[PDB]
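Throughout, protein chains are lettered first and strands after them, A, B, ... in sequence-line order, and every chain is numbered starting at 1. Excluded from the calculations below are hydrogen atoms, water molecules and symmetry mates; all remaining heavy atoms, backbone and side chain alike, are included.
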Amino acid sequence: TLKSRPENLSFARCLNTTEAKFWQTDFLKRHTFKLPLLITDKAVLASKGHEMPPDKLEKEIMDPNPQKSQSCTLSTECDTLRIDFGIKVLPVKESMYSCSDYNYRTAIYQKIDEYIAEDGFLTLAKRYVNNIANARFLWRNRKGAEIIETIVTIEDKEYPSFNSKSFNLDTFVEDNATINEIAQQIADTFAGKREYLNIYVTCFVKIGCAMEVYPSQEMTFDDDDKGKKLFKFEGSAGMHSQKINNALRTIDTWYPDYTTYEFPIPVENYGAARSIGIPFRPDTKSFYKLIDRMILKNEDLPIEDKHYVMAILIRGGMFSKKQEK
Amino acid sequence: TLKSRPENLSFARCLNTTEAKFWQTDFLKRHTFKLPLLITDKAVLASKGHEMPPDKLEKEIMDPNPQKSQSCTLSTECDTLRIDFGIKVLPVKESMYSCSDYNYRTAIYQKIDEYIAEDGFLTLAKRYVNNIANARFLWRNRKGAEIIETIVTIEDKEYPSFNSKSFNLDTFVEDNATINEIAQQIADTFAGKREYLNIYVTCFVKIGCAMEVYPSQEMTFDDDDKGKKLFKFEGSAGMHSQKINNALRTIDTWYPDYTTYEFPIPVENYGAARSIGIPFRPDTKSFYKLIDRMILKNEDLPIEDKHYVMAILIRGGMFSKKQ
Amino acid sequence: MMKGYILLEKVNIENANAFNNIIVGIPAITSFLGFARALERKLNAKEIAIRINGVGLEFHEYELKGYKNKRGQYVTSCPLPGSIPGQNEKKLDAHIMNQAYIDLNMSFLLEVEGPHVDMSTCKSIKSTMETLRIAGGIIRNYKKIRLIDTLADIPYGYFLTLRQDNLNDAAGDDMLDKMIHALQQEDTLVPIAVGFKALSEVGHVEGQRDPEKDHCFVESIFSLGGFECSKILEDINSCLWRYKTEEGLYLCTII
Amino acid sequence: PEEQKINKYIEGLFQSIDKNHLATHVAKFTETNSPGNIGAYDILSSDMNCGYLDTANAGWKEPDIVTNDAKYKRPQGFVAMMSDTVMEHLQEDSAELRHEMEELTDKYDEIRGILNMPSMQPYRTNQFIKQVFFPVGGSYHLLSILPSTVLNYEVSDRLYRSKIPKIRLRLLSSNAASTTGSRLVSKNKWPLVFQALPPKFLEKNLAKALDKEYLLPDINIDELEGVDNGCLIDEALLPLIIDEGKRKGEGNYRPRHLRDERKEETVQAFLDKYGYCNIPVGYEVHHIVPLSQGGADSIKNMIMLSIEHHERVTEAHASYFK
DNA sequence: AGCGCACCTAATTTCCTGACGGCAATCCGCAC
DNA sequence: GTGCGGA
């Protein structure tokens, strides 16, 4: 009875992360004491060491190359880094903001309710709380760290802490009690039983005394000044929300050829990761083909494909029919 | 079969160095006493003594020339300078930020594993610890010194000290026990048998009372005044991290024409020394041509050439092809 | 009761839109009244009858995403584009369009009129202000939702009012010259967007968000505005924005 | 070849003067993935006493030409190139053109197409045009917004010689501007726009960022022997209390609008942790770091002191904090 | 409490450096 | 999968 996808269908995010702020502390006095961390300017003199055509190489091999940059380092008295951010969890069936056709709304609501019946959003939520516990939101700040601890607070209850260096970044654990207790609340918020959940995350990373902290770099286009410009949030260093969310959606281990490349990838429509330059889900196992085989030609798909489709619906986006003139 | 390098390839640094802070002490009471060192402002009147065209010289030879500057000096009661900095060592195979082909990553990992099988990063690490022992990170502050002492501390163990005025700057020693025991740990961190190593270095330089100390100078880009400006780290004088690290990569003694100029050069892609005005690695022994002769077209290179390639992959850089 | 006033105090919004084709700055007023109408529609499906017919906009702090150069100008930033539907959708690098984003701390003053205006209504607003957005931006935290009576309970800040007399009464041949000269004379005024005008006739096209309503192609209209402190304000009706609809014109005015 | 290339240019110019329309509002300037040619041409009047600026109350002098693909763009290059614009020549032919025109193509009658060009018309909507709802009298109306290109060109020229605040947007490339299909966007791809920001004393800095955070002491009262349940029995530990407060509070003076209020729920919570339902006799609650030199209202900044011991601390600080 | 001066004025000259250089990658819909 | 067209 349904021949195509509607002409305007749009989903919003169900995992909304706020920006992060960096502080500097000391480990033995980390529950009581914190100081601000600031970005400083730095200019360098370099050499011209990029690949050039042979005519230019004979003329510009021994020329000076001044450039502009910016940097962030801890002080000589502090040895740890403190990061604070927050997540807001919203239901999935109320994150549809537009749908032109009514029958497609009825069919997709039915399919989400059958997925609440079998595996009520518990596997995916366990994977998300694993990425909160593994500390994958520390991109280049997880290298060279003596102690990493992550603390998760929901409402007014502070849960027991995590040792993030005891987790592997390729294996997903389903036995930790704390992870399951948080994942049940996130699953119930996703299912509609609750209407909202607020999570607060604090991480402490012990690097060394005067070592380097790596903030998020901005995309700015100015012709006069080309240099590294770093993110300042209210005068202090921090990370964008998009980087933290991209860290949290690295849950996909169900792509076509996983037995050779054995690592989890982020959840995208065509399996496009910005590390490997060949798409992992190019045609048969893409989002559009599976969603046009689940709703338009009623079929029972394997549970992994259903997991991928629901993960795309928790990520959000514009999902509609190809636009004609 | 691998034709061409990937479109996105970049390596990260495996030898990170912090900034340096300067303190002033006394030599006999140096383990118990330290004071801050600050940068002052000095302005000078001069003469016009630069080379001028003949017409302008007949009108500007006897005119005053006011200029601005800055300077740093020790006090009248102190005689020694103390410089403190730290080093973090990270493994080599876990230092590739970007690679867009999965076969090139496998090839790089196999070549690094073969290099670990032959020489477990021990020669290069011995050279890196000799530059810490030679005190080559004191550029103009090594001229005119009575005693130089350097102490190295890993975790909570202070290793026995170094006399840095007994090491030649053109010769690398391989028979000192302290250098060997630090170099073994740096080598084991570089191979992958240990995830990280933090090294802290303190040096004492006796230069006399009220003498001049030379910090690092900041770069100015036109839109700014052209006066001299010196580096302040946490209110005190200090040196840049990039300047300390250049003194530690002066380990290259494998260039084509070394038998005539017998001095170590810093490790660069096209072998460009700024002191002597000659590029020493312009064609067949550059990084770009050697890395395309080890991975793309499998061919066993001499061990001297491997040493250079692995030294580039500890410094880092962007090595990406267009098409 | 019937009439009443409710304060939403110190609301933090992150990543709101700041581009309206000629203006980069404060978001358009239609979004700020759209937040209020969305709050009304969600409260009326939970069976709490209420009607909001006026919003006041108070500003306490702001920040624009970007940096300020040495010459004193603003350079804006954008997030990295991801995957956009269309022809070049299976590519790894996407295209960069025109965009700007701002962060704000604000307080809202709502005029509600219903069958009962008590603190239970404030609790109902508190349980509904955690699912909505403001101008495409997420709400991080708020201080309190409370009822006010007079102009002495309102916290310290600066409200935004309409100044159309300083535009219609300036020197120039056209309206854009009037705006530039009026901004050169008084340096505490800002240009704002105040609604839409019509470019077509009402009918049904193909490709609509909701296919059972009435459509009209539109263009945004712009005006002038300025800031006035809380302690120098005369009445509580000279800071309240409202919806007004003529034939061909969709406006927001303080009147 | 040469004198053989001119064949291709005037071949292509005459084959594409039918796909170039006349417009003031274009749809591909919001997103260049919108299919087709959707836009509007507003040729109406000016009120000039209304309170608002639109495309019909400003003086815009140059219309715009729009095509679907960058392929069919040679008329826009054509109308823009003489020795003494091509547009003004084809309005009133001066032969200066007609002489030079007729000797290379023998087809200038057909080309002179660029005069009664058809107007752009709004015929459909897609997912790439911004569509919003607006309340009209108990119901709602769906509005699709088309941006103005003629006004953007006009603002950017008039702001280039002015000293009111402005921001230059540098986000479109050369190949992206061509895909829009409009002449006035391929010339102005990096426009100048107004800056509409609140007053400059209301901007975030680190001084406003640290005035909303509060200090806590560094002493767990549950490990310092001399404190029972929550009250200090020793008399020697007093100096440590007075000092901690001094250390953490030396210069962070704060005025009233910036101090955490003393709630009643917190003095209850403290009571529970250790038992008492009411504050025992002779004891009074006290903040280890003062709430006027910057401090928190929490369970971790509260101690119960004897009535005389509270008199010592409340005055020893007063001297040191003036 | 309740106050916290009236008058005048703040010099002149001669200048304010010479060199080199300021990255590589990527951001295009559409007819056919 | 190709080349195109302009500022």
Side-chain angles (χ1 to χ4, degrees), chain A residues 43-52 56 60 62-69 219 221 224-225 227 274 277 323, chain B residues 5-10 43-53 60 62-69 98 100 219-223 225 227-228 269 274 288 317-323, chain C residues 78 80-82 84 86-89 93-97, chain D residues 9 12 16 28 31-36 65 67-72 74-77 80 128 171-190:
Chain A
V44 294
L45 184 61
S47 60
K48 277 179 173 176
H50 46 100
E51 214 173 356
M52 302 174 275
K56 305 215 331 302
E60 337 194 344
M62 284 266 301
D63 304 12
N65 190 1
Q67 309 276 357
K68 316 159 47 43
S69 299
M219 175 173 311
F221 307 91
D224 303 354
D225 297 352
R274 299 184 185 267
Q323 306 296 337
Chain B
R5 284 197 311 268
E7 195 169 357
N8 278 339
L9 193 64
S10 62
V44 295
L45 205 176
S47 57
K48 289 197 176 182
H50 47 269
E51 197 185 326
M52 279 153 324
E60 322 199 354
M62 287 270 312
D63 305 349
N65 180 0
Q67 302 281 358
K68 317 159 92 303
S69 184
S98 96
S100 60
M219 167 96 44
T220 58
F221 287 92
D222 181 21
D223 307 358
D225 301 0
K228 180 164 161 189
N269 282 131
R274 195 193 310 275
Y288 287 116
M318 194 220 81
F319 312 124
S320 307
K321 207 126 198 61
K322 184 169 180 178
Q323 301 183 3
Chain C
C78 71
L80 178 61
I84 303 183
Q87 199 144 339
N88 279 303
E89 165 189 17
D93 286 356
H95 63 81
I96 306 182
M97 299 280 116
Chain D
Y9 186 113
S16 62
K28 274 199 199 233
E31 170 74 345
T32 84
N33 302 242
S34 160
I65 308 180
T67 167
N68 170 6
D69 197 296
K71 293 180 277 213
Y72 313 142
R74 200 113 56 181
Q76 312 174 15
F128 292 103
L171 296 173
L172 276 190
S173 65
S174 296
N175 289 154
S178 308
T179 316
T180 301
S182 50
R183 181 167 52 90
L184 284 153
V185 172
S186 186
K187 204 190 315 322
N188 231 18
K189 71 166 145 103
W190 293 349

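- Counting any heavy atom pair closer than 4.0 Å across all strands shown, B:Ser320 reaches no nucleic acid atom.
- Candidate nucleotides F:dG6, E:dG22, E:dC27 were compared by shortest atom distance to the side chain of C:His95, and E:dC27 ranks first.
- The CZ-P distance, from B:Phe319 to E:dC23, rounds to 18 Å in whole Å.
- The separation of E:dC28 from F:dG1, taken at their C1' atoms, amounts to 15 Å, rounded to a whole angstrom.
- The side chain of D:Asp69 sits closest to E:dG29 out of E:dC27, E:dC15, E:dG29.
- In this structure, D:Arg74 atom CZ and F:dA7 atom P are separated by 11 Å, rounded to whole Å.
- Annotation: of the two residues near DNA chain E, D:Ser173 and B:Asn8, the 5′-most nearest-nucleotide partner is B:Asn8.
- Heavy atoms of B:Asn65 sit under 4.0 angstrom from at least one base atom.
- Distance from the side chain of B:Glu7 is smallest for E:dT26 among the nucleotides E:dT26, E:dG21, E:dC30.
- Taking atom OH of D:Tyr72 as the reference point, atom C1' of F:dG6 lies 16 Å away to the nearest angstrom.
- Note that CD of D:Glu31 and OG1 of D:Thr180 are 9.5 Å apart. Values are rounded to the nearest 0.5 Å.
- A negative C1'-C2'-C3'-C4' torsion places the sugar of E:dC8 in the south, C2'-endo-side range.
- Nucleotides F:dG5 and E:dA31 have their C1' atoms positioned 13 Å apart, rounded to a whole Å.
- In this structure, the nucleotide among E:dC16, E:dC30, E:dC27 sitting nearest to the side chain of B:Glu60 is E:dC16.
- Adjacent nucleotides E:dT13 and E:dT14 have six-membered base rings whose centres lie under 5.5 Å apart with planes inclined under 30°, meeting the stacking criterion.
- Among the atoms of the strands shown, base atoms are found under 4.0 Å from some heavy atom of A:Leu45.
- Judged by the sign of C1'-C2'-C3'-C4', the sugar at E:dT12 is north, the angle being positive.
- Judged by the sign of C1'-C2'-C3'-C4', the furanose ring of E:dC27 adopts a north, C3'-endo-like conformation.
- Taking atom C1' in both E:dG29 and F:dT2, the straight-line distance is 14 Å, to the nearest Å.
- Using a 4.0 Å cut-off, some side-chain N or O of C:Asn88 falls inside it from OP1 or OP2 of E:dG29.
- When the nearest nucleotides of DNA chain E are assigned to A:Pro64 and B:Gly49 by heavy-atom distance, the more 5′-ward of the two goes with B:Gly49.
- The side chain of C:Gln87 contributes no N or O atom lying less than 4.0 Å from OP1 or OP2 of E:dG29.
- Note: D:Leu172 CG to D:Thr32 OG1 = 8.5 Å, rounded to the nearest 0.5 Å.
- Distance, D:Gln76 CD to F:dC4 P: 18 Å, rounded to whole Å.
- Taking the salt bridge (charged side-chain N to carboxylate O under 4.0 Å, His left out) definition, one finds that B:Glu7 meets it with nothing, sequence neighbours left out.
- Distance check: A:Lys48 NZ to A:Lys56 NZ gives 8.5 Å after rounding to the nearest 0.5 Å.
- Within 4.0 Å (heavy atoms only), B:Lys321 reaches no atom of the nucleic acid at all.
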Subject >> Under the 3.5 Å Watson-Crick or G-U criterion, the dot-bracket string of DNA chain E, with | for inter-strand pairs >> reply: .............................|||
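- A:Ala46 is linked by a side chain to side chain contact (heavy atoms under 4.5 Å, CB included) to A:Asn65, counting only residues two or more places apart in sequence or in another chain.
- Of the candidates E:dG18, F:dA7, E:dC28, E:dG18 carries the atom nearest the B:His50 side chain, counting heavy atoms from C-beta on.
- In terms of phosphate contacts, B:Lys48 brings a side-chain nitrogen or oxygen within less than 4.0 Å of OP1 or OP2 of E:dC16.
- The distance from atom NZ of A:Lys56 to atom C1' of E:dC23 is 10 Å, rounded to the nearest whole Å.
- Checked against side chain to side chain contact (heavy atoms under 4.5 Å, CB included), C:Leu80 has the following partners two or more places apart in sequence or in another chain: A:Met219, A:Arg274.
- Nucleic acid contact for D:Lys28: sugar-phosphate only, since backbone atoms but no base atoms lie under 4.0 Å from a heavy atom of the residue.
- On the basis of its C1'-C2'-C3'-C4' angle being positive, E:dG4 carries a north sugar.
- Residue B:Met219 contributes atom CE, which lies 9 Å from atom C1' of E:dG22 at whole-angstrom precision.
- If you take CD on B:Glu60 and NE2 on B:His50, they are separated by 6.5 Å, rounding to the nearest 0.5 Å.
- One interatomic measurement links the two molecules: CG of A:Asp63 to P of E:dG22, which rounds to 7 Å at whole-angstrom precision.
- Atom OG of D:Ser16 and atom CG of D:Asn68 lie 12.5 Å apart (nearest 0.5 Å).
- Neighbours E:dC16 and E:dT17 do not stack on each other, since their six-membered rings do not meet both centres under 5.5 Å apart and planes tilted under 30°.
- Not counting sequence neighbours, D:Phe128 has no partner by the ring pair (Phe, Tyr, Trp, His ring centres under 6.0 Å) test.
- Partners of B:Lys322 by side chain to side chain contact (heavy atoms under 4.5 Å, CB included), not counting sequence neighbours: none found.
- Here the nucleotide nearest the side chain of C:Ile96, chosen from F:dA7, E:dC27, E:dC30, is E:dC27.
- Regarding A:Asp224, its CG atom lies at a distance of 13 Å from the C1' atom of E:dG22, rounded to whole Å.
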